[PDB]
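Novice: My structure file protein21.txt, compact mmCIF, C-alpha atoms and all ligand atoms, is below:
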```txt
# COMPACT_ATOMS: atom_id res chain seq x y z
CA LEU R 4 4.25 10.46 15.44
CA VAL R 5 1.44 7.92 15.88
CA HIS R 6 1.35 4.38 14.46
CA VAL R 7 -2.09 2.88 14.84
CA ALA R 8 -2.34 -0.92 14.47
CA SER R 9 -4.64 -1.86 11.56
CA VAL R 10 -5.70 -5.51 11.30
CA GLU R 11 -5.00 -6.98 7.86
CA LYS R 12 -8.40 -6.84 6.24
CA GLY R 13 -10.73 -9.58 7.40
CA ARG R 14 -7.99 -11.58 9.10
CA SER R 15 -8.31 -13.40 12.40
CA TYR R 16 -6.39 -15.80 14.64
CA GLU R 17 -6.72 -18.72 12.25
CA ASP R 18 -4.99 -16.74 9.46
CA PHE R 19 -2.01 -15.92 11.65
CA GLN R 20 -1.75 -19.48 13.03
CA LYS R 21 -1.49 -20.55 9.41
CA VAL R 22 1.43 -18.16 8.88
CA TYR R 23 3.01 -19.36 12.15
CA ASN R 24 2.63 -22.95 10.95
CA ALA R 25 4.29 -22.20 7.58
CA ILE R 26 7.24 -20.59 9.39
CA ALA R 27 7.47 -23.43 11.91
CA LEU R 28 7.26 -26.12 9.18
CA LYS R 29 10.07 -24.41 7.18
CA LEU R 30 12.14 -24.11 10.37
CA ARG R 31 11.82 -27.85 10.76
CA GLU R 32 12.60 -28.49 7.05
CA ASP R 33 15.63 -26.19 6.69
CA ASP R 34 17.61 -27.97 9.42
CA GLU R 35 21.12 -27.71 7.89
CA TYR R 36 21.55 -23.92 8.05
CA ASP R 37 24.59 -22.62 10.01
CA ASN R 38 26.12 -26.01 10.94
CA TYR R 39 22.70 -27.50 11.81
CA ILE R 40 21.66 -24.69 14.12
CA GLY R 41 18.73 -24.00 11.77
CA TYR R 42 17.09 -20.60 11.22
CA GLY R 43 15.51 -20.19 14.65
CA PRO R 44 18.17 -17.97 16.20
CA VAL R 45 18.60 -15.67 13.18
CA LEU R 46 14.84 -15.14 13.05
CA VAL R 47 14.86 -14.12 16.75
CA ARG R 48 17.72 -11.71 16.04
CA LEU R 49 15.83 -10.36 13.02
CA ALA R 50 12.72 -9.62 15.12
CA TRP R 51 14.91 -7.87 17.66
CA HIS R 52 16.83 -5.79 15.11
CA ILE R 53 13.70 -4.60 13.32
CA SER R 54 12.24 -3.51 16.70
CA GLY R 55 15.40 -2.23 18.32
CA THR R 56 15.70 0.80 16.03
CA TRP R 57 12.87 2.36 18.02
CA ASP R 58 13.31 5.73 19.74
CA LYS R 59 10.85 6.44 22.52
CA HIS R 60 11.54 10.19 22.17
CA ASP R 61 10.01 10.72 18.73
CA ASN R 62 8.61 7.24 17.90
CA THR R 63 10.88 6.77 14.95
CA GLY R 64 12.08 3.29 14.04
CA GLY R 65 10.43 0.28 15.59
CA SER R 66 8.73 -2.79 14.14
CA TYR R 67 5.57 -1.10 12.81
CA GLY R 68 6.79 0.13 9.44
CA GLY R 69 8.55 -3.02 8.16
CA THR R 70 11.41 -0.79 7.06
CA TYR R 71 14.06 -3.51 7.19
CA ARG R 72 12.88 -4.35 3.63
CA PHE R 73 14.55 -1.12 2.42
CA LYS R 74 18.24 -1.04 1.47
CA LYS R 75 19.39 1.55 4.03
CA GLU R 76 18.24 -0.68 6.92
CA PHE R 77 18.85 -4.02 5.14
CA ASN R 78 22.48 -2.88 4.63
CA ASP R 79 23.09 -1.59 8.17
CA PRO R 80 26.40 -3.10 9.25
CA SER R 81 24.66 -3.96 12.59
CA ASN R 82 22.31 -6.18 10.54
CA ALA R 83 25.02 -8.23 8.79
CA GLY R 84 23.81 -11.84 8.62
CA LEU R 85 20.11 -11.04 8.94
CA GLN R 86 19.70 -11.31 5.17
CA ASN R 87 19.55 -15.06 5.82
CA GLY R 88 16.44 -14.52 7.99
CA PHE R 89 14.89 -12.28 5.36
CA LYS R 90 15.54 -14.91 2.67
CA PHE R 91 13.98 -17.60 4.79
CA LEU R 92 10.83 -15.50 5.22
CA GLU R 93 10.47 -14.54 1.51
CA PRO R 94 8.62 -17.68 0.45
CA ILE R 95 6.35 -17.34 3.50
CA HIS R 96 5.57 -13.77 2.40
CA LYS R 97 4.79 -15.05 -1.09
CA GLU R 98 2.39 -17.63 0.30
CA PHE R 99 0.71 -15.01 2.55
CA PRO R 100 1.16 -11.76 0.71
CA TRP R 101 -1.54 -10.05 2.81
CA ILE R 102 0.66 -10.03 5.94
CA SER R 103 2.53 -6.80 6.56
CA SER R 104 6.32 -6.86 6.65
CA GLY R 105 6.53 -5.83 10.32
CA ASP R 106 3.99 -8.44 11.23
CA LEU R 107 5.92 -11.13 9.39
CA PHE R 108 9.34 -10.18 10.82
CA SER R 109 7.98 -9.99 14.39
CA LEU R 110 5.91 -13.20 13.99
CA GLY R 111 9.00 -14.97 12.70
CA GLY R 112 10.69 -14.19 16.00
CA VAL R 113 7.72 -15.37 18.07
CA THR R 114 7.51 -18.55 16.02
CA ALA R 115 11.21 -19.29 16.42
CA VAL R 116 11.18 -18.80 20.21
CA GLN R 117 8.16 -21.09 20.63
CA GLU R 118 9.35 -23.79 18.19
CA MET R 119 12.67 -23.76 20.01
CA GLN R 120 10.77 -24.78 23.20
CA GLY R 121 10.76 -21.25 24.67
CA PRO R 122 7.93 -19.44 26.37
CA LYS R 123 4.66 -18.59 24.65
CA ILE R 124 4.91 -15.01 23.43
CA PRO R 125 1.54 -13.29 22.89
CA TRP R 126 1.60 -11.50 19.57
CA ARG R 127 -0.59 -8.80 18.08
CA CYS R 128 -1.17 -8.05 14.44
CA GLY R 129 -1.69 -4.77 12.63
CA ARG R 130 1.70 -3.38 11.82
CA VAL R 131 1.43 -1.44 8.52
CA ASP R 132 4.18 -1.04 5.95
CA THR R 133 5.42 2.57 5.77
CA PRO R 134 7.39 4.30 2.98
CA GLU R 135 11.14 4.19 2.34
CA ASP R 136 11.62 7.67 3.76
CA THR R 137 10.49 6.37 7.21
CA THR R 138 13.47 3.99 7.35
CA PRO R 139 15.61 4.90 10.36
CA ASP R 140 19.29 5.67 9.81
CA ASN R 141 21.95 3.15 10.72
CA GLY R 142 23.60 3.28 14.14
CA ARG R 143 20.59 2.77 16.46
CA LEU R 144 21.41 -0.83 17.37
CA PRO R 145 23.86 -1.52 20.23
CA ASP R 146 27.64 -1.97 20.26
CA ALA R 147 29.03 -5.15 21.86
CA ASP R 148 32.38 -3.81 23.04
CA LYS R 149 30.91 -1.76 25.86
CA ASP R 150 30.19 -1.97 29.62
CA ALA R 151 27.09 -2.20 31.86
CA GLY R 152 26.59 1.57 31.94
CA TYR R 153 26.44 1.65 28.17
CA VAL R 154 23.90 -1.23 28.08
CA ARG R 155 21.74 0.45 30.71
CA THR R 156 21.68 3.83 28.93
CA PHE R 157 21.24 2.26 25.51
CA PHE R 158 18.13 0.37 26.61
CA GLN R 159 16.51 3.44 28.19
CA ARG R 160 15.90 4.61 24.58
CA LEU R 161 13.75 1.48 24.09
CA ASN R 162 12.03 2.08 27.46
CA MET R 163 13.55 -1.05 28.98
CA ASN R 164 14.57 -1.28 32.62
CA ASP R 165 17.19 -3.50 34.27
CA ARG R 166 14.98 -6.61 34.56
CA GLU R 167 13.79 -6.25 30.95
CA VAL R 168 17.37 -5.90 29.71
CA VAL R 169 18.65 -8.92 31.60
CA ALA R 170 15.65 -11.05 30.47
CA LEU R 171 16.01 -10.00 26.84
CA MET R 172 19.75 -10.77 26.84
CA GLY R 173 18.91 -14.40 27.68
CA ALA R 174 18.20 -14.80 23.99
CA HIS R 175 21.99 -15.09 23.77
CA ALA R 176 21.49 -18.75 24.75
CA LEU R 177 20.60 -19.09 21.05
CA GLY R 178 22.77 -19.39 17.97
CA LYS R 179 26.29 -17.93 17.83
CA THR R 180 28.38 -15.04 16.75
CA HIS R 181 30.07 -15.19 13.31
CA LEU R 182 33.38 -13.38 12.83
CA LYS R 183 32.43 -12.19 9.30
CA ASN R 184 29.18 -10.66 10.56
CA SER R 185 30.11 -8.92 13.79
CA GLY R 186 33.83 -9.41 14.56
CA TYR R 187 33.04 -11.92 17.30
CA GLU R 188 34.06 -15.54 17.25
CA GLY R 189 31.27 -17.84 18.13
CA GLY R 190 30.95 -20.54 20.72
CA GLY R 191 28.44 -23.39 20.71
CA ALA R 192 25.45 -24.05 18.44
CA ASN R 193 22.38 -24.05 20.62
CA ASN R 194 18.84 -24.01 19.15
CA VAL R 195 16.81 -24.83 22.24
CA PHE R 196 15.54 -21.89 24.27
CA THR R 197 16.57 -22.22 27.94
CA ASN R 198 18.01 -20.12 30.77
CA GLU R 199 21.48 -21.48 29.91
CA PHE R 200 22.86 -17.96 29.25
CA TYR R 201 22.66 -17.14 32.94
CA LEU R 202 23.96 -20.46 34.12
CA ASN R 203 26.93 -20.09 31.76
CA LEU R 204 27.66 -16.57 32.99
CA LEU R 205 27.74 -17.71 36.58
CA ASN R 206 29.29 -21.19 36.32
CA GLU R 207 31.99 -20.96 33.64
CA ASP R 208 35.62 -19.95 34.14
CA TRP R 209 35.74 -16.93 31.87
CA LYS R 210 38.95 -15.61 30.27
CA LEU R 211 39.21 -12.25 28.53
CA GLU R 212 40.79 -13.04 25.16
CA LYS R 213 41.36 -11.41 21.81
CA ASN R 214 39.79 -13.03 18.75
CA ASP R 215 41.06 -13.07 15.15
CA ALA R 216 39.38 -9.78 14.43
CA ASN R 217 41.42 -8.23 17.25
CA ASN R 218 38.32 -7.76 19.46
CA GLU R 219 38.05 -8.75 23.05
CA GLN R 220 35.59 -11.40 24.15
CA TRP R 221 35.15 -13.66 27.15
CA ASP R 222 35.83 -17.32 26.49
CA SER R 223 35.67 -20.46 28.66
CA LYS R 224 37.67 -23.73 28.54
CA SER R 225 34.42 -25.54 27.71
CA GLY R 226 34.20 -23.50 24.48
CA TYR R 227 31.52 -20.92 25.42
CA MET R 228 31.80 -17.23 24.77
CA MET R 229 30.31 -13.98 25.94
CA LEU R 230 30.40 -10.50 24.48
CA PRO R 231 31.75 -7.74 26.71
CA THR R 232 28.14 -6.47 26.98
CA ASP R 233 27.02 -9.99 28.04
CA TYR R 234 29.73 -10.24 30.67
CA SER R 235 28.76 -6.76 31.88
CA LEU R 236 25.62 -8.37 33.36
CA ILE R 237 27.75 -10.05 36.07
CA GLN R 238 30.10 -7.04 36.54
CA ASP R 239 27.29 -4.68 37.49
CA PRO R 240 25.77 -5.55 40.87
CA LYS R 241 22.16 -4.75 39.91
CA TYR R 242 22.32 -6.87 36.76
CA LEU R 243 24.09 -9.62 38.71
CA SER R 244 21.15 -10.07 41.11
CA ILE R 245 18.80 -10.57 38.16
CA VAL R 246 21.19 -12.98 36.40
CA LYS R 247 21.23 -15.10 39.56
CA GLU R 248 17.47 -14.96 39.74
CA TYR R 249 17.02 -16.29 36.17
CA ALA R 250 19.79 -18.86 36.64
CA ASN R 251 17.77 -20.28 39.50
CA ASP R 252 14.27 -20.06 38.12
CA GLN R 253 13.64 -21.20 34.51
CA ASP R 254 9.90 -20.38 34.70
CA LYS R 255 10.47 -16.84 35.98
CA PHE R 256 12.97 -16.23 33.15
CA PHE R 257 10.44 -17.55 30.62
CA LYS R 258 7.66 -15.34 31.94
CA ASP R 259 9.82 -12.24 32.08
CA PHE R 260 11.35 -12.86 28.65
CA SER R 261 7.86 -13.33 27.17
CA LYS R 262 6.69 -9.97 28.54
CA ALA R 263 9.85 -8.08 27.57
CA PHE R 264 9.98 -9.60 24.08
CA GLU R 265 6.35 -8.80 23.37
CA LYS R 266 6.94 -5.27 24.60
CA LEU R 267 10.04 -4.92 22.41
CA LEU R 268 8.07 -6.10 19.40
CA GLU R 269 5.18 -3.73 20.21
CA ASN R 270 7.09 -0.58 21.09
CA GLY R 271 5.80 2.33 19.05
CA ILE R 272 2.42 0.83 18.20
CA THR R 273 -0.89 2.25 19.32
CA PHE R 274 -3.49 -0.47 19.58
CA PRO R 275 -7.12 0.77 19.37
CA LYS R 276 -9.39 -0.08 22.31
CA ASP R 277 -11.33 -2.50 20.12
CA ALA R 278 -8.22 -4.21 18.62
CA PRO R 279 -8.18 -7.98 18.96
CA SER R 280 -6.58 -9.37 22.06
CA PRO R 281 -3.07 -10.76 21.66
CA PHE R 282 -2.93 -14.13 19.97
CA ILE R 283 -1.11 -17.06 21.56
CA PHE R 284 -0.19 -19.47 18.85
CA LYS R 285 -0.07 -23.22 19.26
CA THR R 286 3.23 -24.92 18.47
CA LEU R 287 3.38 -27.56 15.73
CA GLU R 288 3.90 -30.07 18.54
CA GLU R 289 0.76 -28.94 20.35
CA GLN R 290 -1.19 -29.29 17.08
CA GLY R 291 0.23 -32.76 16.30
CA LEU R 292 1.78 -31.37 13.15
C1 LIG W 1 23.46 -5.05 24.20
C2 LIG W 1 22.61 -5.69 23.45
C3 LIG W 1 23.05 -6.60 22.39
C4 LIG W 1 24.32 -6.66 21.69
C5 LIG W 1 25.49 -5.74 21.75
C6 LIG W 1 24.13 -7.87 20.90
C7 LIG W 1 25.15 -8.31 19.99
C8 LIG W 1 25.10 -9.53 19.25
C9 LIG W 1 26.17 -9.88 18.32
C10 LIG W 1 27.45 -9.15 18.08
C11 LIG W 1 25.75 -11.13 17.74
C12 LIG W 1 26.44 -11.97 16.75
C13 LIG W 1 25.95 -11.55 15.35
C14 LIG W 1 26.66 -12.44 14.34
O1 LIG W 1 27.91 -12.46 14.38
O2 LIG W 1 25.99 -13.13 13.54
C15 LIG W 1 24.44 -11.43 18.35
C16 LIG W 1 23.67 -12.60 18.04
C17 LIG W 1 22.33 -12.84 18.49
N1 LIG W 1 21.63 -11.93 19.21
FE1 LIG W 1 22.27 -10.26 20.19
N2 LIG W 1 22.94 -8.50 20.99
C18 LIG W 1 22.32 -7.77 21.93
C19 LIG W 1 20.96 -8.00 22.41
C20 LIG W 1 20.07 -9.03 21.94
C21 LIG W 1 18.62 -9.09 22.26
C22 LIG W 1 17.89 -8.10 23.13
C23 LIG W 1 18.12 -10.26 21.55
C24 LIG W 1 16.77 -10.85 21.52
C25 LIG W 1 15.90 -10.75 22.49
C26 LIG W 1 19.26 -10.82 20.82
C27 LIG W 1 19.31 -12.02 20.06
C28 LIG W 1 20.47 -12.55 19.36
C29 LIG W 1 20.32 -13.84 18.67
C30 LIG W 1 19.12 -14.73 18.66
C31 LIG W 1 21.61 -14.02 18.05
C32 LIG W 1 22.06 -15.20 17.24
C33 LIG W 1 21.74 -15.05 15.79
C34 LIG W 1 22.39 -16.18 14.99
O3 LIG W 1 22.81 -17.14 15.58
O4 LIG W 1 22.38 -16.05 13.75
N3 LIG W 1 20.44 -10.04 21.00
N4 LIG W 1 23.96 -10.39 19.13
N1 LIG W 2 24.32 -15.43 19.57
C1 LIG W 2 24.98 -15.18 20.70
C2 LIG W 2 25.41 -13.90 21.03
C3 LIG W 2 26.08 -13.70 22.24
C4 LIG W 2 26.32 -14.72 23.07
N2 LIG W 2 26.92 -14.81 24.25
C5 LIG W 2 26.90 -16.08 24.64
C6 LIG W 2 26.27 -16.78 23.71
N3 LIG W 2 25.92 -15.93 22.74
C7 LIG W 2 25.26 -16.23 21.55
```
How does this structure look as structure tokens?
Specialist:
Amino acid sequence: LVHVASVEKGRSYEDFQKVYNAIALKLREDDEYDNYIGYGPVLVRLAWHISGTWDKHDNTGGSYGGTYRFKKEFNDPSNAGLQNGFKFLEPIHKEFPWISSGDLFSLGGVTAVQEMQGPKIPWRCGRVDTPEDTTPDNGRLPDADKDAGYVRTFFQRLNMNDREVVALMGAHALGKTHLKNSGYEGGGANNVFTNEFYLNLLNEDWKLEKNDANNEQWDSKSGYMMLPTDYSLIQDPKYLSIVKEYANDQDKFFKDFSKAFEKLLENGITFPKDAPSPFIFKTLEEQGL
């Protein structure tokens, strides 16, 4: 099963920077969402959930097809809450109807990371919408109530190794859990991309508690929380080494996250030899906008 990237006809860097800018300007404008977190974190989770359906074994799922737009995937219980991200992106898609769905969902995640002061994430165009029957079934995204061994095995399906997994999980610096969405009770409200996930894991006094949905999570006196799968990164000795590394080197985390996130967003896509190079978009700040 081969998905060849096909550049939206006649489009170039400038076209995609315009889309980036529209996203980034709306992110700035819609500042009240989710107790003033804004839409940055949900857009990052959207880009992850549309990519994280991928199966390396048969190349089903993945970001290429834009299949989140179809009800089976839209309605996946694992995707509860992401409708907010999709709604945010709808007027962008109306303004730029030439962009493919996969390109828009993935670019929304790139834009959010960068606008939240995260690393530059190189991004390639050419995802092509595929039909409804290519929508992967529900149940390919990960459970949160599980241990390090589960996390490790789960991520092998996405061709991610220990360092990639640990780096990617640093996105959990962003946003919060919502009991109605996932059965986890959120802590904090952060919308600035940092290595704080690792620092929190290592430095907080964690207590294993039950939340109002009767699920276990790790909570600290300072009001932070971790999923069991988050906390598993300091229970497993191989993950722990990497957590300590990112807790002590913001730049290394940024670089590794950028690589792993691009890879996640590109899994399943064959880029022709004469495809454009990855684009690195300027932030609104860098443009003086
Ligand atoms: C074992 C892997 C993972 C599990 C079990 C997991 C689980 C969760 C759960 C349960 C929530 C809360 C959803 C809600 O209640 O709204 C959450 C939020 C989030 N996740 Fe993950 N996640 C995982 C990996 C990742 C990865 C790899 C990324 C991105 C690189 C990511 C980015 C986020 C973001 C940005 C939010 C916040 C969204 C918001 O605030 O609206 N997650 N995730
Ligand atoms: N959105 C999320 C999801 C998990 C998490 N653990 C600590 C902070 N976190 C934020």
Novice: With only C-alpha atoms and all ligand atoms as the atoms that count, which of R:291, R:226, R:94, R:186 lies nearest to ligand LIG 1 (chain W)?
Specialist: R:186
Novice: At most 12 Å from (35.5, -12.9, 10.1), file frame, only C-alpha atoms: which residues, as a PyMOL selection string?
Specialist: chain R and resi 83-84+180-189+214-218
Novice: Write out as number ranges by chain the residues lying within 9 Å of residue 66 of chain R, counting all atoms listed in the file and excluding same-chain residues fewer than 3 positions away.
Specialist: R: 50-57, 69-71, 104-106, 108-109, 130, 267-272
Novice: I need the residues from that last selection saved to file as a CSV table (one decimal), keeping the file's coordinate frame (with C-alpha atoms), if you can.
Specialist:
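Result file result.csv:
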```csv
chain,number,residue,atom,x,y,z
R,50,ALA,CA,12.7,-9.6,15.1
R,51,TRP,CA,14.9,-7.9,17.7
R,52,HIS,CA,16.8,-5.8,15.1
R,53,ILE,CA,13.7,-4.6,13.3
R,54,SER,CA,12.2,-3.5,16.7
R,55,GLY,CA,15.4,-2.2,18.3
R,56,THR,CA,15.7,0.8,16.0
R,57,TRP,CA,12.9,2.4,18.0
R,69,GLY,CA,8.6,-3.0,8.2
R,70,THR,CA,11.4,-0.8,7.1
R,71,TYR,CA,14.1,-3.5,7.2
R,104,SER,CA,6.3,-6.9,6.6
R,105,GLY,CA,6.5,-5.8,10.3
R,106,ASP,CA,4.0,-8.4,11.2
R,108,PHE,CA,9.3,-10.2,10.8
R,109,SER,CA,8.0,-10.0,14.4
R,130,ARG,CA,1.7,-3.4,11.8
R,267,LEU,CA,10.0,-4.9,22.4
R,268,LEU,CA,8.1,-6.1,19.4
R,269,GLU,CA,5.2,-3.7,20.2
R,270,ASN,CA,7.1,-0.6,21.1
R,271,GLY,CA,5.8,2.3,19.0
R,272,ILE,CA,2.4,0.8,18.2
```
Novice: Which of these, R:153, R:264, R:36, R:200, has the shortest distance to residue 227 of chain R once you count all atoms listed in the file?
Specialist: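 The answer is R:200, which sits nearest to residue 227 of chain R.
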Novice: Measure the distance from atom CA of residue 243 of chain R to atom CA of residue 46 of chain R in Å and round it to one decimal.
Specialist: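 Between atom CA of residue 243 of chain R and atom CA of residue 46 of chain R the gap is 27.8 Å.
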Novice: May I have the residues within 8 Å of ligand LIG 2 (chain W), computed using all atoms listed in the file, as number ranges by chain?
Specialist: R: 44, 174-180, 189-191, 200, 227-230, 233
Novice: Please provide the set of residues having any atom within 12 Å of segment 5-13 of chain R, restricted to only C-alpha atoms, with same-chain residues fewer than 4 positions apart removed, written as a PDB file with C-alpha atoms, keeping the file's coordinate frame.
Specialist:
```pdb
ATOM      1  CA  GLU R  17      -6.720 -18.720  12.250  1.00  0.00           C
ATOM      2  CA  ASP R  18      -4.990 -16.740   9.460  1.00  0.00           C
ATOM      3  CA  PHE R  19      -2.010 -15.920  11.650  1.00  0.00           C
ATOM      4  CA  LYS R  59      10.850   6.440  22.520  1.00  0.00           C
ATOM      5  CA  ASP R  61      10.010  10.720  18.730  1.00  0.00           C
ATOM      6  CA  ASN R  62       8.610   7.240  17.900  1.00  0.00           C
ATOM      7  CA  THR R  63      10.880   6.770  14.950  1.00  0.00           C
ATOM      8  CA  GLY R  64      12.080   3.290  14.040  1.00  0.00           C
ATOM      9  CA  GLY R  65      10.430   0.280  15.590  1.00  0.00           C
ATOM     10  CA  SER R  66       8.730  -2.790  14.140  1.00  0.00           C
ATOM     11  CA  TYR R  67       5.570  -1.100  12.810  1.00  0.00           C
ATOM     12  CA  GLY R  68       6.790   0.130   9.440  1.00  0.00           C
ATOM     13  CA  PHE R  99       0.710 -15.010   2.550  1.00  0.00           C
ATOM     14  CA  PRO R 100       1.160 -11.760   0.710  1.00  0.00           C
ATOM     15  CA  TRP R 101      -1.540 -10.050   2.810  1.00  0.00           C
ATOM     16  CA  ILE R 102       0.660 -10.030   5.940  1.00  0.00           C
ATOM     17  CA  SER R 103       2.530  -6.800   6.560  1.00  0.00           C
ATOM     18  CA  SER R 104       6.320  -6.860   6.650  1.00  0.00           C
ATOM     19  CA  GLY R 105       6.530  -5.830  10.320  1.00  0.00           C
ATOM     20  CA  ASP R 106       3.990  -8.440  11.230  1.00  0.00           C
ATOM     21  CA  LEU R 107       5.920 -11.130   9.390  1.00  0.00           C
ATOM     22  CA  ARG R 127      -0.590  -8.800  18.080  1.00  0.00           C
ATOM     23  CA  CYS R 128      -1.170  -8.050  14.440  1.00  0.00           C
ATOM     24  CA  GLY R 129      -1.690  -4.770  12.630  1.00  0.00           C
ATOM     25  CA  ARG R 130       1.700  -3.380  11.820  1.00  0.00           C
ATOM     26  CA  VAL R 131       1.430  -1.440   8.520  1.00  0.00           C
ATOM     27  CA  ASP R 132       4.180  -1.040   5.950  1.00  0.00           C
ATOM     28  CA  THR R 133       5.420   2.570   5.770  1.00  0.00           C
ATOM     29  CA  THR R 137      10.490   6.370   7.210  1.00  0.00           C
ATOM     30  CA  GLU R 269       5.180  -3.730  20.210  1.00  0.00           C
ATOM     31  CA  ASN R 270       7.090  -0.580  21.090  1.00  0.00           C
ATOM     32  CA  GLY R 271       5.800   2.330  19.050  1.00  0.00           C
ATOM     33  CA  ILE R 272       2.420   0.830  18.200  1.00  0.00           C
ATOM     34  CA  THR R 273      -0.890   2.250  19.320  1.00  0.00           C
ATOM     35  CA  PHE R 274      -3.490  -0.470  19.580  1.00  0.00           C
ATOM     36  CA  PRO R 275      -7.120   0.770  19.370  1.00  0.00           C
ATOM     37  CA  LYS R 276      -9.390  -0.080  22.310  1.00  0.00           C
ATOM     38  CA  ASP R 277     -11.330  -2.500  20.120  1.00  0.00           C
ATOM     39  CA  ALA R 278      -8.220  -4.210  18.620  1.00  0.00           C
ATOM     40  CA  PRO R 279      -8.180  -7.980  18.960  1.00  0.00           C
ATOM     41  CA  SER R 280      -6.580  -9.370  22.060  1.00  0.00           C
ATOM     42  CA  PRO R 281      -3.070 -10.760  21.660  1.00  0.00           C
TER      43      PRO R 281
END
```
Novice: My list of candidates is R:96, R:88, R:161, R:73. Which is closest to residue 22 of chain R when distances are computed with all atoms listed in the file?
Specialist: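 Comparing R:96, R:88, R:161, R:73 against residue 22 of chain R, the winner is R:96.
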Novice: Residues at most 9 Å from residue 169 of chain R, counting only C-alpha atoms, excluding those fewer than 4 positions away in the same chain, as a ChimeraX atom specification?
Specialist: /R:164-165,173,236,242-243,245-246,249,260
Novice: Calculated over all atoms listed in the file, which of the candidates R:72, R:262, R:241, R:60 has the smallest distance to ligand LIG 1 (chain W)?
Specialist: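 Among the listed residues, R:262 lies closest to ligand LIG 1 (chain W).
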